[PDB]
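Q: Just start_4.cif, nothing more (mmCIF, N, CA and C atoms; chains and numbers go by the auth columns):
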data_target
loop_
_atom_site.group_PDB
_atom_site.id
_atom_site.type_symbol
_atom_site.label_atom_id
_atom_site.label_comp_id
_atom_site.label_asym_id
_atom_site.label_seq_id
_atom_site.Cartn_x
_atom_site.Cartn_y
_atom_site.Cartn_z
_atom_site.B_iso_or_equiv
_atom_site.auth_seq_id
_atom_site.auth_asym_id
ATOM 1 N N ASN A 1 114.554 114.390 62.830 0.00 56 K
ATOM 2 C CA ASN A 1 113.930 113.123 62.466 0.00 56 K
ATOM 3 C C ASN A 1 113.018 113.282 61.256 0.00 56 K
ATOM 4 N N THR A 2 113.141 114.410 60.565 0.00 57 K
ATOM 5 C CA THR A 2 112.298 114.710 59.420 0.00 57 K
ATOM 6 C C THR A 2 113.142 114.978 58.182 0.00 57 K
ATOM 7 N N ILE A 3 112.495 114.835 57.029 0.00 58 K
ATOM 8 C CA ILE A 3 113.063 115.165 55.728 0.00 58 K
ATOM 9 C C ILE A 3 112.091 116.103 55.031 0.00 58 K
ATOM 10 N N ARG A 4 112.617 117.157 54.412 0.00 59 K
ATOM 11 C CA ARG A 4 111.804 118.068 53.618 0.00 59 K
ATOM 12 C C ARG A 4 111.807 117.605 52.165 0.00 59 K
ATOM 13 N N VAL A 5 110.616 117.421 51.602 0.00 60 K
ATOM 14 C CA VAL A 5 110.451 116.838 50.273 0.00 60 K
ATOM 15 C C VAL A 5 109.706 117.825 49.385 0.00 60 K
ATOM 16 N N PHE A 6 110.370 118.279 48.323 0.00 61 K
ATOM 17 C CA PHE A 6 109.732 119.095 47.301 0.00 61 K
ATOM 18 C C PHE A 6 109.087 118.185 46.263 0.00 61 K
ATOM 19 N N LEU A 7 107.824 118.441 45.965 0.00 62 K
ATOM 20 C CA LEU A 7 107.013 117.644 45.065 0.00 62 K
ATOM 21 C C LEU A 7 106.723 118.416 43.782 0.00 62 K
ATOM 22 N N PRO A 8 106.203 117.744 42.749 0.00 63 K
ATOM 23 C CA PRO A 8 105.847 118.467 41.524 0.00 63 K
ATOM 24 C C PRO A 8 104.726 119.468 41.769 0.00 63 K
ATOM 25 N N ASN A 9 104.605 120.415 40.836 0.00 64 K
ATOM 26 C CA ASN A 9 103.588 121.469 40.890 0.00 64 K
ATOM 27 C C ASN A 9 103.772 122.353 42.123 0.00 64 K
ATOM 28 N N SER A 10 105.035 122.605 42.478 0.00 65 K
ATOM 29 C CA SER A 10 105.403 123.496 43.581 0.00 65 K
ATOM 30 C C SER A 10 104.777 123.070 44.907 0.00 65 K
ATOM 31 N N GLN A 11 104.519 121.778 45.072 0.00 66 K
ATOM 32 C CA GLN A 11 104.054 121.260 46.348 0.00 66 K
ATOM 33 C C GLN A 11 105.239 120.900 47.238 0.00 66 K
ATOM 34 N N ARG A 12 104.955 120.745 48.528 0.00 67 K
ATOM 35 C CA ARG A 12 105.983 120.387 49.493 0.00 67 K
ATOM 36 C C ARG A 12 105.338 119.675 50.671 0.00 67 K
ATOM 37 N N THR A 13 106.130 118.839 51.336 0.00 68 K
ATOM 38 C CA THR A 13 105.642 118.038 52.447 0.00 68 K
ATOM 39 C C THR A 13 106.818 117.695 53.347 0.00 68 K
ATOM 40 N N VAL A 14 106.503 117.382 54.601 0.00 69 K
ATOM 41 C CA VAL A 14 107.480 116.934 55.583 0.00 69 K
ATOM 42 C C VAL A 14 107.136 115.502 55.965 0.00 69 K
ATOM 43 N N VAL A 15 108.136 114.626 55.946 0.00 70 K
ATOM 44 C CA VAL A 15 107.955 113.218 56.275 0.00 70 K
ATOM 45 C C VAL A 15 108.799 112.886 57.497 0.00 70 K
ATOM 46 N N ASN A 16 108.260 112.032 58.364 0.00 71 K
ATOM 47 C CA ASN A 16 108.969 111.572 59.549 0.00 71 K
ATOM 48 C C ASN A 16 109.745 110.303 59.229 0.00 71 K
ATOM 49 N N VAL A 17 110.958 110.208 59.764 0.00 72 K
ATOM 50 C CA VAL A 17 111.854 109.092 59.485 0.00 72 K
ATOM 51 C C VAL A 17 111.958 108.238 60.740 0.00 72 K
ATOM 52 N N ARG A 18 111.430 107.022 60.670 0.00 73 K
ATOM 53 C CA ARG A 18 111.665 106.016 61.692 0.00 73 K
ATOM 54 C C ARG A 18 112.937 105.240 61.361 0.00 73 K
ATOM 55 N N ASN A 19 113.525 104.632 62.389 0.00 74 K
ATOM 56 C CA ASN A 19 114.789 103.928 62.212 0.00 74 K
ATOM 57 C C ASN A 19 114.646 102.804 61.192 0.00 74 K
ATOM 58 N N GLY A 20 115.504 102.826 60.175 0.00 75 K
ATOM 59 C CA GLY A 20 115.558 101.766 59.190 0.00 75 K
ATOM 60 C C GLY A 20 114.618 101.908 58.012 0.00 75 K
ATOM 61 N N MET A 21 113.896 103.019 57.903 0.00 76 K
ATOM 62 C CA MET A 21 112.956 103.203 56.806 0.00 76 K
ATOM 63 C C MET A 21 113.681 103.355 55.475 0.00 76 K
ATOM 64 N N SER A 22 113.148 102.711 54.442 0.00 77 K
ATOM 65 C CA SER A 22 113.576 103.058 53.099 0.00 77 K
ATOM 66 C C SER A 22 112.839 104.311 52.638 0.00 77 K
ATOM 67 N N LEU A 23 113.398 104.967 51.621 0.00 78 K
ATOM 68 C CA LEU A 23 112.773 106.176 51.099 0.00 78 K
ATOM 69 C C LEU A 23 111.366 105.890 50.585 0.00 78 K
ATOM 70 N N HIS A 24 111.174 104.721 49.967 0.00 79 K
ATOM 71 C CA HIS A 24 109.855 104.311 49.491 0.00 79 K
ATOM 72 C C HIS A 24 108.840 104.289 50.629 0.00 79 K
ATOM 73 N N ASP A 25 109.137 103.541 51.695 0.00 80 K
ATOM 74 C CA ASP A 25 108.219 103.472 52.827 0.00 80 K
ATOM 75 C C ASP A 25 108.080 104.821 53.517 0.00 80 K
ATOM 76 N N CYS A 26 109.135 105.636 53.490 0.00 81 K
ATOM 77 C CA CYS A 26 109.103 106.927 54.166 0.00 81 K
ATOM 78 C C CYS A 26 108.142 107.894 53.484 0.00 81 K
ATOM 79 N N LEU A 27 108.117 107.904 52.152 0.00 82 K
ATOM 80 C CA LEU A 27 107.310 108.853 51.396 0.00 82 K
ATOM 81 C C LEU A 27 106.006 108.247 50.887 0.00 82 K
ATOM 82 N N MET A 28 105.712 106.996 51.251 0.00 83 K
ATOM 83 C CA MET A 28 104.540 106.304 50.718 0.00 83 K
ATOM 84 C C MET A 28 103.250 107.045 51.055 0.00 83 K
ATOM 85 N N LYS A 29 103.040 107.350 52.338 0.00 84 K
ATOM 86 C CA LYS A 29 101.793 107.982 52.755 0.00 84 K
ATOM 87 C C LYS A 29 101.646 109.380 52.164 0.00 84 K
ATOM 88 N N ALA A 30 102.721 110.172 52.181 0.00 85 K
ATOM 89 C CA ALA A 30 102.627 111.559 51.737 0.00 85 K
ATOM 90 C C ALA A 30 102.343 111.651 50.243 0.00 85 K
ATOM 91 N N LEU A 31 102.897 110.730 49.452 0.00 86 K
ATOM 92 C CA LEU A 31 102.603 110.724 48.024 0.00 86 K
ATOM 93 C C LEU A 31 101.187 110.234 47.760 0.00 86 K
ATOM 94 N N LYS A 32 100.722 109.259 48.545 0.00 87 K
ATOM 95 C CA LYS A 32 99.366 108.752 48.371 0.00 87 K
ATOM 96 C C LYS A 32 98.323 109.826 48.651 0.00 87 K
ATOM 97 N N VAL A 33 98.602 110.733 49.591 0.00 88 K
ATOM 98 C CA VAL A 33 97.675 111.827 49.864 0.00 88 K
ATOM 99 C C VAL A 33 97.558 112.738 48.650 0.00 88 K
ATOM 100 N N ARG A 34 98.681 113.010 47.985 0.00 89 K
ATOM 101 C CA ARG A 34 98.684 113.808 46.766 0.00 89 K
ATOM 102 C C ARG A 34 98.199 113.027 45.550 0.00 89 K
ATOM 103 N N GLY A 35 97.840 111.756 45.718 0.00 90 K
ATOM 104 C CA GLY A 35 97.408 110.947 44.597 0.00 90 K
ATOM 105 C C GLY A 35 98.532 110.416 43.740 0.00 90 K
ATOM 106 N N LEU A 36 99.705 110.184 44.325 0.00 91 K
ATOM 107 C CA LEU A 36 100.881 109.753 43.586 0.00 91 K
ATOM 108 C C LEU A 36 101.437 108.474 44.195 0.00 91 K
ATOM 109 N N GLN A 37 102.126 107.698 43.363 0.00 92 K
ATOM 110 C CA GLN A 37 102.806 106.485 43.774 0.00 92 K
ATOM 111 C C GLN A 37 104.311 106.647 43.606 0.00 92 K
ATOM 112 N N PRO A 38 105.111 106.173 44.564 0.00 93 K
ATOM 113 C CA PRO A 38 106.567 106.358 44.445 0.00 93 K
ATOM 114 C C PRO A 38 107.168 105.652 43.242 0.00 93 K
ATOM 115 N N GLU A 39 106.689 104.450 42.908 0.00 94 K
ATOM 116 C CA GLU A 39 107.249 103.711 41.782 0.00 94 K
ATOM 117 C C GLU A 39 106.968 104.377 40.441 0.00 94 K
ATOM 118 N N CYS A 40 106.119 105.402 40.408 0.00 95 K
ATOM 119 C CA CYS A 40 105.881 106.193 39.211 0.00 95 K
ATOM 120 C C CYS A 40 106.642 107.512 39.230 0.00 95 K
ATOM 121 N N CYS A 41 107.626 107.648 40.115 0.00 96 K
ATOM 122 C CA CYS A 41 108.351 108.892 40.304 0.00 96 K
ATOM 123 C C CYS A 41 109.842 108.610 40.421 0.00 96 K
ATOM 124 N N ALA A 42 110.626 109.679 40.314 0.00 97 K
ATOM 125 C CA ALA A 42 112.049 109.667 40.613 0.00 97 K
ATOM 126 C C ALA A 42 112.323 110.649 41.743 0.00 97 K
ATOM 127 N N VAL A 43 113.321 110.338 42.564 0.00 98 K
ATOM 128 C CA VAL A 43 113.639 111.141 43.736 0.00 98 K
ATOM 129 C C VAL A 43 115.095 111.575 43.658 0.00 98 K
ATOM 130 N N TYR A 44 115.350 112.821 44.054 0.00 99 K
ATOM 131 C CA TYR A 44 116.668 113.432 43.999 0.00 99 K
ATOM 132 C C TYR A 44 117.044 113.976 45.368 0.00 99 K
ATOM 133 N N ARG A 45 118.346 114.041 45.618 0.00 100 K
ATOM 134 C CA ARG A 45 118.896 114.675 46.807 0.00 100 K
ATOM 135 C C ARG A 45 119.406 116.055 46.411 0.00 100 K
ATOM 136 N N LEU A 46 118.896 117.090 47.069 0.00 101 K
ATOM 137 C CA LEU A 46 119.262 118.467 46.752 0.00 101 K
ATOM 138 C C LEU A 46 120.484 118.859 47.573 0.00 101 K
ATOM 139 N N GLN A 47 121.621 119.022 46.905 0.00 102 K
ATOM 140 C CA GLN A 47 122.860 119.443 47.544 0.00 102 K
ATOM 141 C C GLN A 47 123.400 120.666 46.818 0.00 102 K
ATOM 142 N N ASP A 48 123.701 121.715 47.580 0.00 103 K
ATOM 143 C CA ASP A 48 124.209 122.971 47.034 0.00 103 K
ATOM 144 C C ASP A 48 123.278 123.537 45.965 0.00 103 K
ATOM 145 N N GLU A 49 122.263 121.370 43.411 0.00 108 K
ATOM 146 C CA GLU A 49 122.310 120.364 42.356 0.00 108 K
ATOM 147 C C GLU A 49 121.430 119.165 42.700 0.00 108 K
ATOM 148 N N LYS A 50 120.742 118.632 41.692 0.00 109 K
ATOM 149 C CA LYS A 50 119.884 117.463 41.860 0.00 109 K
ATOM 150 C C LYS A 50 120.712 116.208 41.610 0.00 109 K
ATOM 151 N N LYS A 51 120.987 115.450 42.672 0.00 110 K
ATOM 152 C CA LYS A 51 121.682 114.179 42.535 0.00 110 K
ATOM 153 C C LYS A 51 120.685 113.044 42.689 0.00 110 K
ATOM 154 N N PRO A 52 120.596 112.115 41.739 0.00 111 K
ATOM 155 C CA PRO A 52 119.578 111.064 41.832 0.00 111 K
ATOM 156 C C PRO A 52 119.933 110.017 42.875 0.00 111 K
ATOM 157 N N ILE A 53 118.894 109.500 43.538 0.00 112 K
ATOM 158 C CA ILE A 53 119.030 108.422 44.509 0.00 112 K
ATOM 159 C C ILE A 53 117.915 107.412 44.272 0.00 112 K
ATOM 160 N N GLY A 54 118.108 106.206 44.811 0.00 113 K
ATOM 161 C CA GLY A 54 117.133 105.154 44.639 0.00 113 K
ATOM 162 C C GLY A 54 116.066 105.152 45.712 0.00 113 K
ATOM 163 N N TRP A 55 114.937 104.516 45.394 0.00 114 K
ATOM 164 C CA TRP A 55 113.858 104.411 46.366 0.00 114 K
ATOM 165 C C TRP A 55 114.176 103.437 47.491 0.00 114 K
ATOM 166 N N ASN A 56 115.215 102.618 47.345 0.00 115 K
ATOM 167 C CA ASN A 56 115.664 101.728 48.405 0.00 115 K
ATOM 168 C C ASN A 56 116.731 102.368 49.287 0.00 115 K
ATOM 169 N N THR A 57 116.916 103.680 49.178 0.00 116 K
ATOM 170 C CA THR A 57 117.843 104.394 50.044 0.00 116 K
ATOM 171 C C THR A 57 117.380 104.316 51.493 0.00 116 K
ATOM 172 N N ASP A 58 118.335 104.117 52.402 0.00 117 K
ATOM 173 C CA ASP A 58 118.068 104.178 53.836 0.00 117 K
ATOM 174 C C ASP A 58 117.825 105.632 54.227 0.00 117 K
ATOM 175 N N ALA A 59 116.578 105.959 54.581 0.00 118 K
ATOM 176 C CA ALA A 59 116.201 107.351 54.807 0.00 118 K
ATOM 177 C C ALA A 59 116.805 107.929 56.080 0.00 118 K
ATOM 178 N N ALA A 60 117.278 107.082 56.999 0.00 119 K
ATOM 179 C CA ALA A 60 117.886 107.587 58.227 0.00 119 K
ATOM 180 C C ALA A 60 119.149 108.390 57.941 0.00 119 K
ATOM 181 N N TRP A 61 119.828 108.099 56.834 0.00 120 K
ATOM 182 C CA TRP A 61 121.024 108.836 56.458 0.00 120 K
ATOM 183 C C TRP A 61 120.717 110.189 55.833 0.00 120 K
ATOM 184 N N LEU A 62 119.451 110.477 55.535 0.00 121 K
ATOM 185 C CA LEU A 62 119.060 111.713 54.870 0.00 121 K
ATOM 186 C C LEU A 62 118.295 112.660 55.783 0.00 121 K
ATOM 187 N N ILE A 63 118.220 112.353 57.080 0.00 122 K
ATOM 188 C CA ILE A 63 117.514 113.215 58.018 0.00 122 K
ATOM 189 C C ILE A 63 118.092 114.619 57.954 0.00 122 K
ATOM 190 N N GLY A 64 117.210 115.611 57.873 0.00 123 K
ATOM 191 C CA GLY A 64 117.616 116.998 57.837 0.00 123 K
ATOM 192 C C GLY A 64 117.970 117.541 56.470 0.00 123 K
ATOM 193 N N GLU A 65 117.882 116.730 55.420 0.00 124 K
ATOM 194 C CA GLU A 65 118.199 117.173 54.073 0.00 124 K
ATOM 195 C C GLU A 65 116.922 117.547 53.327 0.00 124 K
ATOM 196 N N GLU A 66 117.101 118.038 52.105 0.00 125 K
ATOM 197 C CA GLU A 66 116.004 118.392 51.217 0.00 125 K
ATOM 198 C C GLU A 66 116.024 117.471 50.007 0.00 125 K
ATOM 199 N N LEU A 67 114.862 116.936 49.651 0.00 126 K
ATOM 200 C CA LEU A 67 114.730 116.069 48.489 0.00 126 K
ATOM 201 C C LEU A 67 113.779 116.688 47.473 0.00 126 K
ATOM 202 N N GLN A 68 113.859 116.194 46.239 0.00 127 K
ATOM 203 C CA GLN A 68 112.950 116.592 45.172 0.00 127 K
ATOM 204 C C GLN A 68 112.424 115.341 44.486 0.00 127 K
ATOM 205 N N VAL A 69 111.114 115.291 44.263 0.00 128 K
ATOM 206 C CA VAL A 69 110.468 114.169 43.591 0.00 128 K
ATOM 207 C C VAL A 69 109.891 114.663 42.271 0.00 128 K
ATOM 208 N N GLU A 70 110.190 113.941 41.188 0.00 129 K
ATOM 209 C CA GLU A 70 109.717 114.246 39.847 0.00 129 K
ATOM 210 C C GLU A 70 108.942 113.062 39.284 0.00 129 K
ATOM 211 N N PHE A 71 108.031 113.349 38.357 0.00 130 K
ATOM 212 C CA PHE A 71 107.335 112.284 37.648 0.00 130 K
ATOM 213 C C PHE A 71 108.261 111.618 36.640 0.00 130 K
ATOM 214 N N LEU A 72 108.182 110.295 36.557 0.00 131 K
ATOM 215 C CA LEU A 72 108.832 109.603 35.457 0.00 131 K
ATOM 216 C C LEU A 72 108.130 109.943 34.148 0.00 131 K
ATOM 217 N N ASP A 73 108.896 109.938 33.062 0.00 132 K
ATOM 218 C CA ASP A 73 108.299 110.085 31.744 0.00 132 K
ATOM 219 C C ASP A 73 107.394 108.892 31.472 0.00 132 K
ATOM 220 N N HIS A 74 106.272 109.146 30.797 0.00 133 K
ATOM 221 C CA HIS A 74 105.253 108.120 30.580 0.00 133 K
ATOM 222 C C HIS A 74 105.669 107.239 29.406 0.00 133 K
ATOM 223 N N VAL A 75 106.484 106.236 29.713 0.00 134 K
ATOM 224 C CA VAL A 75 106.900 105.240 28.729 0.00 134 K
ATOM 225 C C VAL A 75 106.415 103.882 29.227 0.00 134 K
ATOM 226 N N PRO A 76 105.903 103.010 28.356 0.00 135 K
ATOM 227 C CA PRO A 76 105.400 101.712 28.825 0.00 135 K
ATOM 228 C C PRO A 76 106.484 100.883 29.500 0.00 135 K
ATOM 229 N N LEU A 77 106.048 100.010 30.403 0.00 136 K
ATOM 230 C CA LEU A 77 106.928 99.154 31.183 0.00 136 K
ATOM 231 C C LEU A 77 106.753 97.697 30.773 0.00 136 K
ATOM 232 N N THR A 78 107.710 96.872 31.193 0.00 137 K
ATOM 233 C CA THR A 78 107.639 95.430 31.008 0.00 137 K
ATOM 234 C C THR A 78 107.002 94.724 32.199 0.00 137 K
ATOM 235 N N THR A 79 106.357 95.471 33.091 0.00 138 K
ATOM 236 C CA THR A 79 105.737 94.915 34.287 0.00 138 K
ATOM 237 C C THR A 79 104.264 94.599 34.052 0.00 138 K
#
Would you mind giving the structure from this file in structure tokens?

A:
Amino acid sequence: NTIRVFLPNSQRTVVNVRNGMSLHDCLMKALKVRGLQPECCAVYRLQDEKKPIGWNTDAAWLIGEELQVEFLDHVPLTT
């Protein structure tokens, strides 16, 4: 019921997956503790290679896998 998440600066954390959680809601608290926001990051699925996935991914399908979170490049937004 957990996902292993590799963070920038050689950090790591374990997140619990409740039924129906999106990746955003799943990693929200753990990133906030590190002082990070998910919408300012990119997330990858580690297989064998970094494959990109969206923050609206259903996290229940990723239980038991390893993820990697990277900072987005600092480019201005239209938001």

Q: What does the distance from atom C of residue K:112 to atom CA of residue K:58 come to in Å, to one decimal?

A: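 Atom CA of residue K:58 lies 14.7 Å from atom C of residue K:112.
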
Q: What's the 5 Å shell around stretch 122-133 of chain K, counting all atoms listed in the file, without same-chain residues fewer than 3 positions away, as JSON, numbers by chain?

A: {"K": [57, 58, 59, 60, 61, 62, 63, 95, 96, 97, 98, 99, 100, 101, 118, 119]}

Q: Go through the shown structure with the PyMOL selection byres ((chain K and resi 115) around 8) and write out the matching residues as a PyMOL selection string.

A: chain K and resi 76-80+112-114+116-118

Q: With distances taken over all atoms listed in the file, which of K:56, K:102, K:137, K:92 is nearest to residue K:121?

A: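 Residue with the minimum atom-to-atom distance to residue K:121: K:56.
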
Q: Enumerate as a VMD selection string all residues of chain K assigned to alpha helix (DSSP H) by DSSP on the backbone, naming them with the chain letters and numbers the document uses.

A: chain K and resid 78 to 88

Q: Using only C-alpha atoms, what residues lie at most 12 Å away from (102.9, 117.0, 53.5) (file coordinates), given as an NGL selection string?

A: :K and (57-62 or 66-71 or 81-89)

Q: Residues of the last selection are to be written out with N, CA and C atoms, as a PDB file, keeping the file's coordinate frame.

A:
ATOM      1  N   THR K  57     113.141 114.410  60.565  1.00  0.00           N
ATOM      2  CA  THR K  57     112.298 114.710  59.420  1.00  0.00           C
ATOM      3  C   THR K  57     113.142 114.978  58.182  1.00  0.00           C
ATOM      4  N   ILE K  58     112.495 114.835  57.029  1.00  0.00           N
ATOM      5  CA  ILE K  58     113.063 115.165  55.728  1.00  0.00           C
ATOM      6  C   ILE K  58     112.091 116.103  55.031  1.00  0.00           C
ATOM      7  N   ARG K  59     112.617 117.157  54.412  1.00  0.00           N
ATOM      8  CA  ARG K  59     111.804 118.068  53.618  1.00  0.00           C
ATOM      9  C   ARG K  59     111.807 117.605  52.165  1.00  0.00           C
ATOM     10  N   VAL K  60     110.616 117.421  51.602  1.00  0.00           N
ATOM     11  CA  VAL K  60     110.451 116.838  50.273  1.00  0.00           C
ATOM     12  C   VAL K  60     109.706 117.825  49.385  1.00  0.00           C
ATOM     13  N   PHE K  61     110.370 118.279  48.323  1.00  0.00           N
ATOM     14  CA  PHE K  61     109.732 119.095  47.301  1.00  0.00           C
ATOM     15  C   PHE K  61     109.087 118.185  46.263  1.00  0.00           C
ATOM     16  N   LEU K  62     107.824 118.441  45.965  1.00  0.00           N
ATOM     17  CA  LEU K  62     107.013 117.644  45.065  1.00  0.00           C
ATOM     18  C   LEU K  62     106.723 118.416  43.782  1.00  0.00           C
ATOM     19  N   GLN K  66     104.519 121.778  45.072  1.00  0.00           N
ATOM     20  CA  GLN K  66     104.054 121.260  46.348  1.00  0.00           C
ATOM     21  C   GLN K  66     105.239 120.900  47.238  1.00  0.00           C
ATOM     22  N   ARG K  67     104.955 120.745  48.528  1.00  0.00           N
ATOM     23  CA  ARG K  67     105.983 120.387  49.493  1.00  0.00           C
ATOM     24  C   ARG K  67     105.338 119.675  50.671  1.00  0.00           C
ATOM     25  N   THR K  68     106.130 118.839  51.336  1.00  0.00           N
ATOM     26  CA  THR K  68     105.642 118.038  52.447  1.00  0.00           C
ATOM     27  C   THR K  68     106.818 117.695  53.347  1.00  0.00           C
ATOM     28  N   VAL K  69     106.503 117.382  54.601  1.00  0.00           N
ATOM     29  CA  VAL K  69     107.480 116.934  55.583  1.00  0.00           C
ATOM     30  C   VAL K  69     107.136 115.502  55.965  1.00  0.00           C
ATOM     31  N   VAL K  70     108.136 114.626  55.946  1.00  0.00           N
ATOM     32  CA  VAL K  70     107.955 113.218  56.275  1.00  0.00           C
ATOM     33  C   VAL K  70     108.799 112.886  57.497  1.00  0.00           C
ATOM     34  N   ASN K  71     108.260 112.032  58.364  1.00  0.00           N
ATOM     35  CA  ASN K  71     108.969 111.572  59.549  1.00  0.00           C
ATOM     36  C   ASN K  71     109.745 110.303  59.229  1.00  0.00           C
ATOM     37  N   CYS K  81     109.135 105.636  53.490  1.00  0.00           N
ATOM     38  CA  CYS K  81     109.103 106.927  54.166  1.00  0.00           C
ATOM     39  C   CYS K  81     108.142 107.894  53.484  1.00  0.00           C
ATOM     40  N   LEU K  82     108.117 107.904  52.152  1.00  0.00           N
ATOM     41  CA  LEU K  82     107.310 108.853  51.396  1.00  0.00           C
ATOM     42  C   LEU K  82     106.006 108.247  50.887  1.00  0.00           C
ATOM     43  N   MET K  83     105.712 106.996  51.251  1.00  0.00           N
ATOM     44  CA  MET K  83     104.540 106.304  50.718  1.00  0.00           C
ATOM     45  C   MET K  83     103.250 107.045  51.055  1.00  0.00           C
ATOM     46  N   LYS K  84     103.040 107.350  52.338  1.00  0.00           N
ATOM     47  CA  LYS K  84     101.793 107.982  52.755  1.00  0.00           C
ATOM     48  C   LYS K  84     101.646 109.380  52.164  1.00  0.00           C
ATOM     49  N   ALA K  85     102.721 110.172  52.181  1.00  0.00           N
ATOM     50  CA  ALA K  85     102.627 111.559  51.737  1.00  0.00           C
ATOM     51  C   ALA K  85     102.343 111.651  50.243  1.00  0.00           C
ATOM     52  N   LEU K  86     102.897 110.730  49.452  1.00  0.00           N
ATOM     53  CA  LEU K  86     102.603 110.724  48.024  1.00  0.00           C
ATOM     54  C   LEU K  86     101.187 110.234  47.760  1.00  0.00           C
ATOM     55  N   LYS K  87     100.722 109.259  48.545  1.00  0.00           N
ATOM     56  CA  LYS K  87      99.366 108.752  48.371  1.00  0.00           C
ATOM     57  C   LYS K  87      98.323 109.826  48.651  1.00  0.00           C
ATOM     58  N   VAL K  88      98.602 110.733  49.591  1.00  0.00           N
ATOM     59  CA  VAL K  88      97.675 111.827  49.864  1.00  0.00           C
ATOM     60  C   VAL K  88      97.558 112.738  48.650  1.00  0.00           C
ATOM     61  N   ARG K  89      98.681 113.010  47.985  1.00  0.00           N
ATOM     62  CA  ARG K  89      98.684 113.808  46.766  1.00  0.00           C
ATOM     63  C   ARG K  89      98.199 113.027  45.550  1.00  0.00           C
TER      64      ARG K  89
END

Q: By how many Å are atom N of residue K:93 and atom N of residue K:134 apart?

A: 14.9 Å

Q: Run DSSP on the backbone and grab whatever in chain K lands in strand (DSSP E or B); send it over as a VMD selection string.

A: chain K and resid 57 to 62 66 to 71 77 96 to 101 109 to 112 117 125 to 130

Q: How far is it from atom CA of residue K:108 to atom CA of residue K:135, in Å with one decimal?

A: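 One can read the atom CA of residue K:108 to atom CA of residue K:135 distance as 28.6 Å.
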
Q: Build an axis-aligned box that encloses every atom of stretch 70-76 of chain K listed in the file, pad it by 8 Å on each side, and report its centre and edge lengths in Å to one decimal, as JSON.

A:
{"center_x": 111.8, "center_y": 108.2, "center_z": 58.9, "size_x": 23.6, "size_y": 28.9, "size_z": 22.9}
